[PDB]
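Residue numbers (the entry's author numbering), protein chains in the order written: chain B, 15 to 80; chain A, -1 to 380, 383 to 645, 662 to 691, 695 to 829, 834 to 1067, 1083 to 1222.
Ideal placement from N, C-alpha and C gives every residue a C-beta, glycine not left out.
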Amino acid sequence: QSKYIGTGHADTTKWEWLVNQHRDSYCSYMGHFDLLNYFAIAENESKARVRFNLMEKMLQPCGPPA
Amino acid sequence: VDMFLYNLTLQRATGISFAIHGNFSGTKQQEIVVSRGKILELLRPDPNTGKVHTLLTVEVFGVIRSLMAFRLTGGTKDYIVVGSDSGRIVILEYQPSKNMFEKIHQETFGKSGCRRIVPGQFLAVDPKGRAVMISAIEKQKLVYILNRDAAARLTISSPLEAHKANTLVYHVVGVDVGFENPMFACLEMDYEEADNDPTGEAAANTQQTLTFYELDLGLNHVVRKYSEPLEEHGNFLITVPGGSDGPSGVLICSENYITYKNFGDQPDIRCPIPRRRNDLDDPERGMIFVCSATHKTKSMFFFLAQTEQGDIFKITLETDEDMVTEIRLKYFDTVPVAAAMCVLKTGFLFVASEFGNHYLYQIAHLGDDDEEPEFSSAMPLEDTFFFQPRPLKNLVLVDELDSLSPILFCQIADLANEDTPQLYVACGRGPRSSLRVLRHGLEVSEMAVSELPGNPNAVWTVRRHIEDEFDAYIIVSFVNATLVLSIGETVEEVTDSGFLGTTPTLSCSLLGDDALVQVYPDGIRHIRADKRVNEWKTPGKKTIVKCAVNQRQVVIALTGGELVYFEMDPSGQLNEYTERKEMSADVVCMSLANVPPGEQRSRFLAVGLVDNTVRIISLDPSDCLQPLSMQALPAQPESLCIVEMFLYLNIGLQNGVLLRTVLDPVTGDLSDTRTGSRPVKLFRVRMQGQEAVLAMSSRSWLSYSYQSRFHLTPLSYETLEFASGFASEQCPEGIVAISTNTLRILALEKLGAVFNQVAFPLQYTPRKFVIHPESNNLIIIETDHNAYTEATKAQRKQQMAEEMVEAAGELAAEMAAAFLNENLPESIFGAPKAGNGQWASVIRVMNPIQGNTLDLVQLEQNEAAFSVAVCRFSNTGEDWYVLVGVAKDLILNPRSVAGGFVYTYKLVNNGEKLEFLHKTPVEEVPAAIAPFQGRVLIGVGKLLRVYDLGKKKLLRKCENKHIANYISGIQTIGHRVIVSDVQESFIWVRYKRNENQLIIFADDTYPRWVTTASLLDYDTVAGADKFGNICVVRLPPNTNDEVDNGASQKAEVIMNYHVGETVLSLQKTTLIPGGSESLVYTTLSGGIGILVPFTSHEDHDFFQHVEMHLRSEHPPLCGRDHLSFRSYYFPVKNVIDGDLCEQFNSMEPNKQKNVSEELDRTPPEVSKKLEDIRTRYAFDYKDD
Ligand SMILES: [K+]
């Protein structure tokens, strides 16, 4: 279990949990076509640039830790 | 109340996510394997006609995330590697003899889903086909080796690990090395330091690295051989051909730049991305490429890279020795923003747009030899290159594939005069948005359209000679005169035809080998090929009521039901019979079968009377004008038509019913259908070189026999008044039809029935439209992010024009006269739009019958409408009001709003104009408006408010603020209120009439990112999901409506089903007259589906066992588990995947025999029982 990225333990901080589920969410957006479509329709940006910003939000999400 | 459903697809997804090209058939022909969302599709563009035909279409029941093709050394056929949401990689081979994808290989490495660290998102192949690399977004990368055995069959190896912890992958690409050790270049980014620095300094100055992974074949292991940091983050790479053709290396596309960076001693070469002259976009916004196409030749090679503005550039690399000298870009053309492009041999370019229709162009010129500027990386500047966008001058549009993606709203209603409801679909992307009307039937190709004066009532098409392979005249009968036209390849009006119609005409035919006959109420006019006219006055004060013409016979019916018969001698003239027969009543319609080639006359004559009976009369001289057989009819006849395939007598009644009856000495067997709402007219037409009949009621239906099996398929077209067969050089086999005040030359080219469209272009992306009951018109709201309003476009364009002169260049240059003059077509050259807080919203009143827009209301700069409704208030009279919910200064990410507004309009002139009543403000965005008991329910933020109409503003009458997050939609039965939370599913709210107090009396036990919903009854709601799911939630029968972890009594979820495509419209409606109600849904990928209830438990058990059998005997093509796929987020509850079940017909015959025999049936029985669902709830045009 420990070697699966996204797994948690007793000393897991809230920041680790939510950066985990945030990266998971971004990759899920990358996967499911109609999700990336909904997002690329909401904000008037092409699919390519939406994917690019989703990749930039991979080490950025929730900002730096404490 | 057990509710079991059954899903089926009617219009498969039209949006394209991937597109590859190659010799998939194993021949010289190149095909295009495209991937829709969950459907793999094989298309073939024709080098002759230039049309794209769908060779194959298979539903893979899984999320396709990457699509690549490869070929082994010395090979002649391209395989298909598919990276899916399964934990498996699959290699497929198309088989032309069997028209199916044969799964060659399938290897299992991870878990299912679009996971973070499970490979399947990225897929790069060695250009020599020796190895394939499938990789996840983070941390995991696997490489398989491909080698064919002695039998020349592809074989796969064990996976080779190439993992690297804490690594994010932007893009993977195989490097073209000339049979060296395979190389896989990819963009990586290590976030290990960014997560261990609470200051954020490690987050910054952390750039991505281009890394080359080598596959040591001799040592059988992959190693991170090379790596170098990049100056700026790149979005994707391009394989540069190496070895014998070109120098090896990769092209890194980057924000405002492109960088060839081959490894070794090759220096990095960069070139700025050229920008259009005088960009209306915000200069703070960058520019990237969205896709790239590569064309390789033994002589040369080039690239085609498209930008965010749809700018395709032809990128070329000059080279000396084994090194590259410069990157030379040149402006090629502009097309819509494509998710993929394919450059094919014989000069064709396939452009699969990211949204909207797809296109196929023909490469006329390579883009060189013109005088346009060609930019190079060696050119010094510090400033970027600028170019002028122009219309298509290197490509010609050869085919256009209609795509409904993305469908944002859908109302299935009968707004036209026809009886079958139409699908009114609000769908599109920005400037290429549209409101398309969908009718399921046969596609009609409009050859010509010309309006006619007065009210035309008939039309015919007559040849000049019997041996003429093309018609000569088109006759149009009005009330007081008839117009004659000659199809002289110009369709000029003629006068010397001889018909000389100063009266209406009843018929026009070719009698002799060259003689023409016109039948008019005052008598009969014969016109020889030689211009001789023989007239025939009507006896006495009578007039001829009806007629039936033939190649060698002319029967007529006059007032009082008096028949007169004329037969042509072999000497070319007409002789009247020596007797005139009277009927029991007046004649209303007659038909006379065509004469067989060998015989000299037709025997049978069908005569329908006011007596509501049809009668057969022999024309043989042995029993001339003698009764043969009578037949009673349920109503008065309107038209008759005898036709062969075996003789059939067709009856169309004054009520919309049609009847086919067998014929010979006596007429016996019968069948009938309701075609009704309109009297059914019957016209002879020539379809596929055979005689077909055309019925005309609420729609135009085509009845034609097919392998001794009839078909009655309606035309996806408006109502028509008359039609006749047509044949010219312009249209060899067509139909001339007159409709109300219009003449139309049409053609029925395609034979298969599908959802056909008529598109009404819009300006911005539509969010919702509402049906005005009286006007039957549409009120559409069109809202777009990052956009300028028209006034801002004008003032900004002009501001640029002013700033142009301030350069003080010898002041003598007026380029503003060319800049302010030409407004580039926003639909093709992309929308000039930019800004993070900027918006553009427009209200539009459109008539759905035609394409015209009745009214247009342009809103302010940063105002964005998200809700709209049409209703009346109890305090006011019967005056219709239009409420539009708008938002102000929307920062979408991160979310922050300034406020909202609600516009109120008076909608006067029965829905033709909007006049401004008042604009009432509010603190949060209102995204939900619904009429409720003479008042309007408005959802502002998480607050559900009851509003009434005031003379100054919309007065707040009630409010509820215990809703969890944010109101996305609201629908109300007369008493209850169903709220759709953005995240927390559905909330049940009762409105107390005494106090105006909204009380939450129920909610859901599961969180649901709701997109849309529809109330199935007083207790059940069907809801869609942002993640592509559909559910049905039902209140328990013991729910108490009057009350005062969230709420006490919960609502149970009785249906869960993952569609796989995000649904944005649910509607319970009947698709065809006589059928049953179905739950028709639309989706964001341009697809239409239905959910269907079972009528008996026996059928439920049957189709369920079919599902269980096909799950194991016919597993999904990309290694996905069907039950797991449909249980993506919630386990399946009471749904049978009919798309899986209908693949029973695609299995091998032995599997059909095994599955059918397991169910104690035969394969044909299973197939028919599967067809019964479509017969009951969908379209079935089988006419016994
Ligand atoms: K009657």
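Residue-level contact to chain A via CB, residue i, 9 Å cutoff
{"i": "B/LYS61", "result": "yes"}
{"i": "B/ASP25", "result": "no"}
{"i": "B/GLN74", "result": "yes"}
{"i": "residue 81 of chain B", "result": "Lying before the first or after the last residue shown, residue 81 of chain B is absent from chain B, which here runs from 15 to 80."}
{"i": "B/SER16", "result": "no"}
{"i": "B/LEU32", "result": "no"}
Cβ-heavy atom distance, residue i to ligand 3, below 8 Å
{"i": "A/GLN631", "result": "Looking for ligand 3 in the displayed structure turns up nothing; the ligands present are ligand 1."}
9 Å Cβ cutoff met for residue i and residue j
{"i": "A/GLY973", "j": "A/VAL945", "result": "no"}
{"i": "A/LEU625", "j": "A/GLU567", "result": "no"}
{"i": "A/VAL349", "j": "A/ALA362", "result": "no"}
{"i": "A/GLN206", "j": "A/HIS231", "result": "yes"}
{"i": "A/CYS289", "j": "A/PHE234", "result": "yes"}
{"i": "A/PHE478", "j": "A/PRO406", "result": "no"}
{"i": "A/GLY1157", "j": "A/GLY35", "result": "no"}
{"i": "A/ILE30", "j": "A/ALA11", "result": "no"}
{"i": "A/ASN355", "j": "A/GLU400", "result": "yes"}
{"i": "A/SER687", "j": "A/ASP1221", "result": "yes"}
{"i": "A/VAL963", "j": "A/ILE1001", "result": "no"}
{"i": "residue 661 of chain A", "j": "A/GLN881", "result": "Missing from the coordinates is residue 661 of chain A; the shown part of chain A jumps over it, going from 645 to 662."}
{"i": "A/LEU144", "j": "A/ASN218", "result": "no"}
{"i": "A/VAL891", "j": "A/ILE952", "result": "yes"}
{"i": "A/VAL80", "j": "A/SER23", "result": "no"}
{"i": "A/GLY240", "j": "A/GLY247", "result": "yes"}
{"i": "A/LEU1122", "j": "B/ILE19", "result": "no"}
{"i": "A/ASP1042", "j": "A/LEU1058", "result": "yes"}
Cβ of residue i within 9 Å of any chain B Cβ
{"i": "A/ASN916", "result": "yes"}
{"i": "A/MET339", "result": "no"}
{"i": "A/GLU446", "result": "no"}
{"i": "A/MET187", "result": "yes"}
{"i": "A/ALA854", "result": "yes"}
{"i": "A/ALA192", "result": "yes"}
{"i": "A/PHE287", "result": "yes"}
{"i": "residue 647 of chain A", "result": "Within the gap of chain A, which runs from 645 to 662, lies residue 647 of chain A, and it has no coordinates in the structure."}
{"i": "A/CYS112", "result": "yes"}
{"i": "A/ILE87", "result": "no"}
{"i": "A/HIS804", "result": "yes"}
{"i": "A/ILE135", "result": "yes"}
Contained alpha helix (DSSP H) runs [length at least 4] in the region 297 to 333 of chain A, N- to C-terminal order: none
Where are the beta strand (DSSP E) runs, 3 residues long or more, that stay fully inside the region 996 to 1061 of chain A, in chain order? 999 to 1004, 1009 to 1015, 1020 to 1027, 1033 to 1038, 1043 to 1048, 1052 to 1057
Residue ranges of each alpha helix (DSSP H) run of no fewer than 4 residues wholly in the region 890 to 963 of chain A, ordered along the chain? 931 to 934
If contact is defined by three or more beta carbon pairs under 8 Å, each pair taking one atom from either stretch, is the region 104 to 121 of chain A in contact with the region 1178 to 1194 of chain A? no
So if I measure from each beta-carbon to every heavy atom of ligand 1 and keep distances below 7 Å, which residues remain? A/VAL610, A/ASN612, A/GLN636
Is the region 467 to 484 of chain A close to the region 734 to 747 of chain A, with three or more CB pairs under 8 Å? yes
Any chance you could list the beta strand (DSSP E) runs of at least 3 consecutive residues sitting entirely within the region 117 to 167 of chain A, in chain order? 120 to 123, 129 to 133, 139 to 146, 152 to 154
Quick one: any contact between the region 398 to 413 of chain A and the region 27 to 44 of chain B, if contact means 3 or more CB pairs under 8 Å? no
With a cut-off of 8 Å, do at least 3 Cβ pairs link the region 1141 to 1148 of chain A to the region 435 to 452 of chain A? no
The region 767 to 784 of chain A contacting the region 430 to 444 of chain A, beta-carbon criterion three pairs below 8 Å: yes
Enumerate, from N- to C-terminal direction, the unbroken alpha helix (DSSP H) stretches of 4 or more residues contained entirely within the region 840 to 898 of chain A. none
Threshold first: 4 residues or longer. Then list the alpha helix (DSSP H) segments lying entirely within the region 20 to 45 of chain B, N to C. 28 to 45
Is the region 1006 to 1020 of chain A touching the region 369 to 380 of chain A, taking contact as three or more C-beta pairs under 8 Å? no
Looking at C-beta atoms only, is the number of pairs between the region 125 to 136 of chain A and the region 175 to 183 of chain A that lie closer than 8 Å three or more? yes
Stretch pair the region 504 to 511 of chain A + the region 550 to 561 of chain A: three plus CB contacts closer than 8 Å: yes
Continuous beta strand (DSSP E) assignments of at least 3 residues falling wholly in the region 65 to 107 of chain A: 77 to 82, 86 to 93, 98 to 106
List in chain order: all unbroken beta strand (DSSP E) runs of 3+ residues lying wholly within the region 505 to 550 of chain A. 507 to 510, 516 to 520, 523 to 527, 533 to 537, 544 to 549
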